[PDB]
>>> print(open('structure_29.tsv').read())   # TSV, C-alpha atoms and all ligand atoms
chain	number	residue	atom	x	y	z
X	1	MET	CA	0.00	0.00	0.00
X	2	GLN	CA	1.51	3.26	-1.10
X	3	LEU	CA	-0.22	5.89	1.12
X	4	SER	CA	-0.07	9.69	1.38
X	5	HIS	CA	-1.87	12.23	3.52
X	6	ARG	CA	-3.26	15.74	3.49
X	7	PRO	CA	-5.70	17.88	5.40
X	8	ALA	CA	-9.30	16.97	4.80
X	9	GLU	CA	-11.18	19.14	2.23
X	10	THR	CA	-14.87	19.80	1.64
X	11	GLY	CA	-14.67	17.71	-1.53
X	12	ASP	CA	-13.72	14.65	0.56
X	13	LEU	CA	-16.78	14.76	2.86
X	14	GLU	CA	-19.26	12.80	0.74
X	15	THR	CA	-16.66	10.04	0.43
X	16	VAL	CA	-15.71	9.88	4.07
X	17	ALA	CA	-19.33	10.03	5.24
X	18	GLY	CA	-19.86	6.93	3.22
X	19	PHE	CA	-17.38	4.92	5.23
X	20	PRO	CA	-19.42	3.78	8.29
X	21	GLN	CA	-21.38	0.71	7.16
X	22	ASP	CA	-23.73	0.29	10.11
X	23	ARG	CA	-24.85	1.82	13.41
X	24	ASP	CA	-22.10	-0.03	15.30
X	25	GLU	CA	-19.31	1.22	13.07
X	26	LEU	CA	-20.69	4.76	13.33
X	27	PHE	CA	-20.95	4.53	17.16
X	28	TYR	CA	-17.38	3.26	17.54
X	29	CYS	CA	-15.93	6.24	15.67
X	30	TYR	CA	-18.42	9.03	16.41
X	31	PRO	CA	-20.74	8.06	19.28
X	32	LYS	CA	-22.58	11.42	19.33
X	33	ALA	CA	-23.65	10.95	15.63
X	34	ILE	CA	-27.10	9.68	14.69
X	35	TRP	CA	-27.67	7.04	12.07
X	36	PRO	CA	-27.87	7.59	9.13
X	37	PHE	CA	-24.58	9.47	8.90
X	38	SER	CA	-24.40	12.59	6.74
X	39	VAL	CA	-22.04	15.20	5.46
X	40	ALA	CA	-23.62	17.76	7.81
X	41	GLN	CA	-22.75	15.60	10.86
X	42	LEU	CA	-19.21	15.06	9.57
X	43	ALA	CA	-18.67	18.75	8.92
X	44	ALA	CA	-20.05	19.59	12.41
X	45	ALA	CA	-17.36	17.37	13.91
X	46	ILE	CA	-14.64	18.82	11.74
X	47	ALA	CA	-15.65	22.38	12.82
X	48	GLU	CA	-15.44	21.51	16.54
X	49	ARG	CA	-12.20	19.52	16.20
X	50	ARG	CA	-8.62	19.81	15.00
X	51	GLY	CA	-6.27	18.04	12.67
X	52	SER	CA	-8.81	16.50	10.28
X	53	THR	CA	-6.68	14.48	7.86
X	54	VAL	CA	-7.26	12.05	5.02
X	55	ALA	CA	-5.16	9.13	3.74
X	56	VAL	CA	-4.95	8.57	-0.01
X	57	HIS	CA	-3.92	5.60	-2.14
X	58	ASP	CA	-4.08	5.32	-5.94
X	59	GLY	CA	-6.21	8.43	-6.11
X	60	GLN	CA	-8.79	7.25	-3.52
X	61	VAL	CA	-9.50	8.73	-0.12
X	62	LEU	CA	-9.34	5.61	2.10
X	63	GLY	CA	-9.09	7.00	5.59
X	64	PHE	CA	-9.93	9.92	7.85
X	65	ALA	CA	-9.10	10.96	11.42
X	66	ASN	CA	-8.93	13.99	13.69
X	67	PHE	CA	-8.39	15.10	17.28
X	68	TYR	CA	-11.34	15.71	19.65
X	69	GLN	CA	-9.02	16.82	22.48
X	70	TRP	CA	-5.77	18.69	22.21
X	71	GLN	CA	-3.73	20.30	25.01
X	72	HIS	CA	-0.51	21.96	23.92
X	73	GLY	CA	2.62	20.49	25.56
X	74	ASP	CA	0.50	17.65	26.96
X	75	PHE	CA	-1.59	15.31	24.84
X	76	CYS	CA	-4.07	14.87	22.00
X	77	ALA	CA	-6.97	12.42	21.80
X	78	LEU	CA	-7.62	10.72	18.47
X	79	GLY	CA	-11.12	10.15	17.11
X	80	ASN	CA	-13.39	9.90	14.10
X	81	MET	CA	-11.20	7.24	12.61
X	82	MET	CA	-12.93	5.97	9.51
X	83	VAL	CA	-11.66	3.64	6.76
X	84	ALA	CA	-13.23	2.84	3.43
X	85	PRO	CA	-15.01	-0.55	3.40
X	86	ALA	CA	-12.90	-1.86	0.48
X	87	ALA	CA	-9.63	-1.01	2.30
X	88	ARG	CA	-10.18	-2.53	5.77
X	89	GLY	CA	-7.21	-4.41	7.32
X	90	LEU	CA	-4.72	-2.99	4.72
X	91	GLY	CA	-2.87	-0.73	7.07
X	92	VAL	CA	-4.80	2.49	6.47
X	93	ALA	CA	-5.67	3.02	10.15
X	94	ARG	CA	-2.21	2.09	11.24
X	95	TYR	CA	-0.76	4.58	8.76
X	96	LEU	CA	-3.12	7.38	9.84
X	97	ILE	CA	-2.39	6.75	13.49
X	98	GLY	CA	1.30	7.24	12.74
X	99	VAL	CA	0.57	10.43	10.86
X	100	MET	CA	-1.58	11.77	13.71
X	101	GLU	CA	1.16	10.84	16.28
X	102	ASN	CA	3.60	12.98	14.27
X	103	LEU	CA	1.13	15.81	14.02
X	104	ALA	CA	0.42	15.70	17.80
X	105	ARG	CA	4.20	15.78	18.53
X	106	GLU	CA	5.08	18.44	15.97
X	107	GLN	CA	2.13	20.78	16.15
X	108	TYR	CA	0.87	20.41	19.73
X	109	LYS	CA	4.21	19.38	21.38
X	110	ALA	CA	2.27	16.45	22.88
X	111	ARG	CA	4.00	13.92	25.05
X	112	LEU	CA	1.10	11.46	24.93
X	113	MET	CA	-1.65	10.29	22.56
X	114	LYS	CA	-4.93	9.14	24.12
X	115	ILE	CA	-7.11	6.61	22.19
X	116	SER	CA	-10.45	5.57	23.72
X	117	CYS	CA	-12.05	2.51	22.20
X	118	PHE	CA	-15.46	0.95	22.83
X	119	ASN	CA	-15.34	-2.55	24.17
X	120	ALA	CA	-17.05	-4.21	21.24
X	121	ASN	CA	-14.44	-3.09	18.76
X	122	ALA	CA	-11.93	-5.96	19.18
X	123	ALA	CA	-10.09	-5.11	16.01
X	124	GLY	CA	-9.46	-1.58	17.28
X	125	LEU	CA	-8.31	-2.78	20.67
X	126	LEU	CA	-5.84	-5.27	19.14
X	127	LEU	CA	-4.51	-2.67	16.62
X	128	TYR	CA	-3.89	-0.04	19.27
X	129	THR	CA	-2.17	-2.69	21.41
X	130	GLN	CA	0.08	-3.67	18.46
X	131	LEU	CA	0.95	0.05	18.11
X	132	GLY	CA	2.10	0.34	21.74
X	133	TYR	CA	-1.01	1.82	23.39
X	134	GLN	CA	-1.74	0.54	26.90
X	135	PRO	CA	-5.05	0.54	28.77
X	136	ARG	CA	-5.36	2.91	31.62
X	137	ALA	CA	-9.00	3.07	32.62
X	138	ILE	CA	-12.47	1.89	31.70
X	139	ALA	CA	-15.39	4.33	31.69
X	140	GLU	CA	-19.09	3.72	31.41
X	141	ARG	CA	-20.95	5.08	28.45
X	142	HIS	CA	-24.31	4.42	26.84
X	143	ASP	CA	-25.17	3.41	23.30
X	144	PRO	CA	-28.18	4.65	21.28
X	145	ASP	CA	-30.38	1.88	22.69
X	146	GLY	CA	-29.57	3.01	26.25
X	147	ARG	CA	-27.37	-0.05	26.86
X	148	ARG	CA	-24.23	0.30	28.98
X	149	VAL	CA	-20.94	-0.07	27.13
X	150	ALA	CA	-17.34	0.12	28.33
X	151	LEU	CA	-14.98	2.70	26.92
X	152	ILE	CA	-11.43	1.47	27.22
X	153	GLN	CA	-9.16	4.50	27.67
X	154	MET	CA	-5.65	3.84	26.35
X	155	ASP	CA	-2.57	5.97	25.89
X	156	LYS	CA	0.95	5.90	24.44
X	157	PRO	CA	3.97	8.20	24.99
X	158	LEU	CA	5.09	9.95	21.77
X	159	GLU	CA	8.82	10.51	22.45
Q	1	LIG	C1	-15.64	13.13	24.54
Q	1	LIG	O1	-15.12	11.79	24.30
Q	1	LIG	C2	-15.83	11.04	23.31
Q	1	LIG	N1	-17.24	10.87	23.62
Q	1	LIG	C3	-17.65	10.18	24.69
Q	1	LIG	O2	-16.87	9.60	25.45
Q	1	LIG	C4	-19.14	10.05	24.85
Q	1	LIG	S1	-19.70	8.42	24.32
Q	1	LIG	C5	-21.55	8.51	24.43
Q	1	LIG	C6	-22.09	9.45	23.47
Q	1	LIG	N2	-22.46	10.19	22.68
Q	1	LIG	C7	-15.66	11.58	21.86
Q	1	LIG	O3	-15.93	12.62	21.26
Q	1	LIG	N3	-15.20	10.38	21.42
Q	1	LIG	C8	-14.93	9.66	20.24
Q	1	LIG	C9	-15.10	10.45	18.97
Q	1	LIG	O4	-14.17	10.53	18.19
Q	1	LIG	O5	-16.23	10.96	18.76
Q	1	LIG	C10	-14.65	8.35	20.32
Q	1	LIG	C11	-14.35	7.54	19.11
Q	1	LIG	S2	-12.73	6.81	19.53
Q	1	LIG	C12	-12.10	6.62	17.99
Q	1	LIG	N4	-12.72	6.77	16.81
Q	1	LIG	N5	-11.83	6.48	15.85
Q	1	LIG	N6	-10.66	6.23	16.37
Q	1	LIG	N7	-10.88	6.32	17.69
Q	1	LIG	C13	-9.78	6.08	18.62
Q	1	LIG	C14	-14.68	7.52	21.59
Q	1	LIG	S3	-15.72	8.16	22.92
Q	1	LIG	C15	-15.03	9.81	22.78
>>> encode(input="structure_29.tsv", output="structure tokens", more="lines below")
Ligand SMILES: CO[C@@]1(NC(=O)CSCC#N)C(=O)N2C(C(=O)O)=C(CSc3nnnn3C)CS[C@@H]21
Amino acid sequence: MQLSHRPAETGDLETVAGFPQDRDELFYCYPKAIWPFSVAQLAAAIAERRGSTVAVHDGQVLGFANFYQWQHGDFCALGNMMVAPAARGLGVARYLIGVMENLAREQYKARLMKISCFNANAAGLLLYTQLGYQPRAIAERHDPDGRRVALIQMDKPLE
């Protein structure tokens, strides 16, 4: 996979908003969103957040991420990670995580990245583990059905 990155642009929003395939996938990456996802919801997040970035391969936008918390000299928290359904498990998330780590270090002088992952997303938990993130706490949250879920709060020093 040859991959590149650039800041997200308005022209990318229809594409990226197409990435979540079901209510679960949307909840794992943007729990405040309501199904069905839309460009308006995506743009609302982008406006409130920082560092919205896309990953590109062979002319296709395949991934997106941003920060929902950022604290200069301290840490950032990574969210809205979305990957195109045809490109799952091909290293797009791993690549974007690395890009966002660099951006947190370089731009925000962060010493730490925080990643919070919902308990049902095994693939996320195992990826973040492979990338050196360790679990620190578990917090209660609720899903759209009012069911209790566990948010596993992980972090990694940036160096
Ligand atoms: C403020 O904190 C968040 N919200 C909550 O705790 C509330 S929940 C119940 C509701 N509604 C936030 O906003 N978060 C996000 C996100 O990006 O929207 C995520 C998604 S985490 C994620 N997505 N892709 N990669 N990653 C790491 C994990 S909960 C965390």
>>> residues_near_point(input="structure_29.tsv", point="(-13.5, 9.4, 12.1)", cutoff="6 Å", atoms="all atoms listed in the file", output="list in words")
residues 29, 64, 65, 79, 80, 81 and 82 of chain X
>>> residues_near_ligand(input="structure_29.tsv", ligand="ligand LIG 1 (chain Q)", cutoff="8 Å", atoms="all atoms listed in the file", output="PyMOL selection string")
chain X and resi 27-33+65-69+77-82+114-118+124+141-143+151
>>> atom_distance(input="structure_29.tsv", atom1="atom CA of residue 16 of chain X", atom2="atom CA of residue 63 of chain X")
7.4 Å
>>> residues_around(input="structure_29.tsv", residues="residue 92 of chain X", least_positions_apart="3", cutoff="12 Å", atoms="all atoms listed in the file", output="compact mmCIF listing (two decimals) with C-alpha atoms, in the frame of the given file")
# COMPACT_ATOMS: atom_id res chain seq x y z
CA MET X 1 0.00 0.00 0.00
CA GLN X 2 1.51 3.26 -1.10
CA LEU X 3 -0.22 5.89 1.12
CA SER X 4 -0.07 9.69 1.38
CA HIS X 5 -1.87 12.23 3.52
CA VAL X 54 -7.26 12.05 5.02
CA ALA X 55 -5.16 9.13 3.74
CA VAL X 56 -4.95 8.57 -0.01
CA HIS X 57 -3.92 5.60 -2.14
CA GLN X 60 -8.79 7.25 -3.52
CA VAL X 61 -9.50 8.73 -0.12
CA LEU X 62 -9.34 5.61 2.10
CA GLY X 63 -9.09 7.00 5.59
CA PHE X 64 -9.93 9.92 7.85
CA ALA X 65 -9.10 10.96 11.42
CA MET X 81 -11.20 7.24 12.61
CA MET X 82 -12.93 5.97 9.51
CA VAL X 83 -11.66 3.64 6.76
CA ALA X 84 -13.23 2.84 3.43
CA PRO X 85 -15.01 -0.55 3.40
CA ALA X 86 -12.90 -1.86 0.48
CA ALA X 87 -9.63 -1.01 2.30
CA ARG X 88 -10.18 -2.53 5.77
CA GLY X 89 -7.21 -4.41 7.32
CA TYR X 95 -0.76 4.58 8.76
CA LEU X 96 -3.12 7.38 9.84
CA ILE X 97 -2.39 6.75 13.49
CA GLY X 98 1.30 7.24 12.74
CA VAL X 99 0.57 10.43 10.86
CA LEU X 127 -4.51 -2.67 16.62
>>> closest_residue(input="structure_29.tsv", among="X:158, X:137, X:149, X:125", to="residue 104 of chain X", atoms="only C-alpha atoms")
X:158
>>> atom_distance(input="structure_29.tsv", atom1="atom CA of residue 119 of chain X", atom2="atom CA of residue 150 of chain X")
5.3 Å
>>> axis_aligned_box(input="structure_29.tsv", around="segment 38-54 of chain X", padding_each_side="3 Å", output="AutoDock Vina command-line options")
--center_x -15.3 --center_y 17.2 --center_z 10.8 --size_x 24.1 --size_y 16.3 --size_z 17.5
>>> closest_residue(input="structure_29.tsv", among="X:26, X:90, X:145, X:157", to="residue 113 of chain X", atoms="all atoms listed in the file")
X:157
>>> closest_residue(input="structure_29.tsv", among="X:52, X:20, X:110, X:46", to="residue 34 of chain X", atoms="only C-alpha atoms")
X:20
>>> closest_residue(input="structure_29.tsv", among="X:147, X:156, X:72, X:136", to="residue 112 of chain X", atoms="all atoms listed in the file")
X:156
>>> closest_residue(input="structure_29.tsv", among="X:9, X:58, X:14, X:48", to="residue 70 of chain X", atoms="only C-alpha atoms")
X:48
>>> residues_near_point(input="structure_29.tsv", point="(-22.5, 14.0, 2.3)", cutoff="7 Å", atoms="only C-alpha atoms", output="list in words")
residues 13, 14, 17, 38, 39 and 40 of chain X
>>> atom_distance(input="structure_29.tsv", atom1="atom CA of residue 19 of chain X", atom2="atom CA of residue 42 of chain X")
11.2 Å
>>> closest_residue(input="structure_29.tsv", among="X:76, X:144, X:126, X:121", to="residue 102 of chain X", atoms="only C-alpha atoms")
X:76
>>> build_atoms(input="structure_29.tsv", residues="segment 70-96 of chain X", atoms="N, CA, C and O atoms", output="short mmCIF file (atom, residue, chain, number, x, y, z; two decimals), keeping the file's coordinate frame")
data_model
loop_
_atom_site.label_atom_id
_atom_site.label_comp_id
_atom_site.auth_asym_id
_atom_site.auth_seq_id
_atom_site.Cartn_x
_atom_site.Cartn_y
_atom_site.Cartn_z
N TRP X 70 -7.11 18.26 22.51
CA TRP X 70 -5.77 18.69 22.21
C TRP X 70 -5.39 19.67 23.33
O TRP X 70 -6.17 20.55 23.70
N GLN X 71 -4.18 19.51 23.86
CA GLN X 71 -3.73 20.30 25.01
C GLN X 71 -2.22 20.46 24.76
O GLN X 71 -1.44 19.52 24.85
N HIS X 72 -1.85 21.65 24.32
CA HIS X 72 -0.51 21.96 23.92
C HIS X 72 0.51 21.65 25.03
O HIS X 72 0.30 21.96 26.18
N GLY X 73 1.57 20.99 24.62
CA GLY X 73 2.62 20.49 25.56
C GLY X 73 2.27 19.25 26.35
O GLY X 73 3.03 18.79 27.22
N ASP X 74 1.08 18.66 26.10
CA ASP X 74 0.50 17.65 26.96
C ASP X 74 0.09 16.42 26.17
O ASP X 74 0.83 15.43 26.10
N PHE X 75 -1.11 16.48 25.57
CA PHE X 75 -1.59 15.31 24.84
C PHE X 75 -2.58 15.71 23.75
O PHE X 75 -3.13 16.80 23.80
N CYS X 76 -2.87 14.79 22.85
CA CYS X 76 -4.07 14.87 22.00
C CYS X 76 -4.86 13.58 22.16
O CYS X 76 -4.26 12.56 22.55
N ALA X 77 -6.14 13.60 21.75
CA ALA X 77 -6.97 12.42 21.80
C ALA X 77 -7.51 12.25 20.39
O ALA X 77 -8.10 13.17 19.83
N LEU X 78 -7.30 11.06 19.86
CA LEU X 78 -7.62 10.72 18.47
C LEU X 78 -9.01 10.16 18.33
O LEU X 78 -9.37 9.20 19.03
N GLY X 79 -9.76 10.67 17.35
CA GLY X 79 -11.12 10.15 17.11
C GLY X 79 -11.52 10.31 15.68
O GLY X 79 -10.75 10.60 14.82
N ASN X 80 -12.80 9.95 15.43
CA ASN X 80 -13.39 9.90 14.10
C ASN X 80 -12.56 9.13 13.14
O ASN X 80 -12.55 9.47 11.93
N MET X 81 -11.89 8.09 13.59
CA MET X 81 -11.20 7.24 12.61
C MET X 81 -12.12 6.31 11.74
O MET X 81 -12.87 5.38 12.21
N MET X 82 -12.05 6.59 10.46
CA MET X 82 -12.93 5.97 9.51
C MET X 82 -12.07 5.46 8.35
O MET X 82 -11.18 6.15 7.88
N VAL X 83 -12.41 4.29 7.84
CA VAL X 83 -11.66 3.64 6.76
C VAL X 83 -12.67 3.11 5.75
O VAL X 83 -13.74 2.57 6.12
N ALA X 84 -12.39 3.28 4.49
CA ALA X 84 -13.23 2.84 3.43
C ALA X 84 -13.47 1.31 3.51
O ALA X 84 -12.52 0.56 3.78
N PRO X 85 -14.71 0.88 3.23
CA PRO X 85 -15.01 -0.55 3.40
C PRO X 85 -14.18 -1.48 2.51
O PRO X 85 -13.81 -2.58 2.95
N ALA X 86 -13.79 -1.03 1.33
CA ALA X 86 -12.90 -1.86 0.48
C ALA X 86 -11.44 -1.95 0.95
O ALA X 86 -10.67 -2.78 0.45
N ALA X 87 -11.03 -1.09 1.90
CA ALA X 87 -9.63 -1.01 2.30
C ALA X 87 -9.41 -1.38 3.75
O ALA X 87 -8.41 -1.01 4.34
N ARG X 88 -10.32 -2.15 4.37
CA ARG X 88 -10.18 -2.53 5.77
C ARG X 88 -9.05 -3.57 5.93
O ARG X 88 -8.88 -4.41 5.05
N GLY X 89 -8.27 -3.44 7.00
CA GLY X 89 -7.21 -4.41 7.32
C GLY X 89 -5.97 -4.32 6.46
O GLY X 89 -5.11 -5.22 6.54
N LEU X 90 -5.88 -3.26 5.63
CA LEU X 90 -4.72 -2.99 4.72
C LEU X 90 -3.71 -1.99 5.20
O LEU X 90 -2.78 -1.62 4.49
N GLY X 91 -3.83 -1.63 6.45
CA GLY X 91 -2.87 -0.73 7.07
C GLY X 91 -3.23 0.74 6.99
O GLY X 91 -2.43 1.55 7.38
N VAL X 92 -4.43 1.08 6.57
CA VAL X 92 -4.80 2.49 6.47
C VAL X 92 -4.90 3.12 7.86
O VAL X 92 -4.40 4.22 8.09
N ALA X 93 -5.54 2.45 8.81
CA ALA X 93 -5.67 3.02 10.15
C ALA X 93 -4.34 3.14 10.82
O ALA X 93 -4.03 4.16 11.38
N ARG X 94 -3.54 2.10 10.70
CA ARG X 94 -2.21 2.09 11.24
C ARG X 94 -1.34 3.27 10.71
O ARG X 94 -0.68 4.04 11.43
N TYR X 95 -1.44 3.48 9.40
CA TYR X 95 -0.76 4.58 8.76
C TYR X 95 -1.25 5.93 9.32
O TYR X 95 -0.45 6.82 9.71
N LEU X 96 -2.56 6.11 9.37
CA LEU X 96 -3.12 7.38 9.84
C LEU X 96 -2.80 7.66 11.28
O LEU X 96 -2.52 8.79 11.64
#
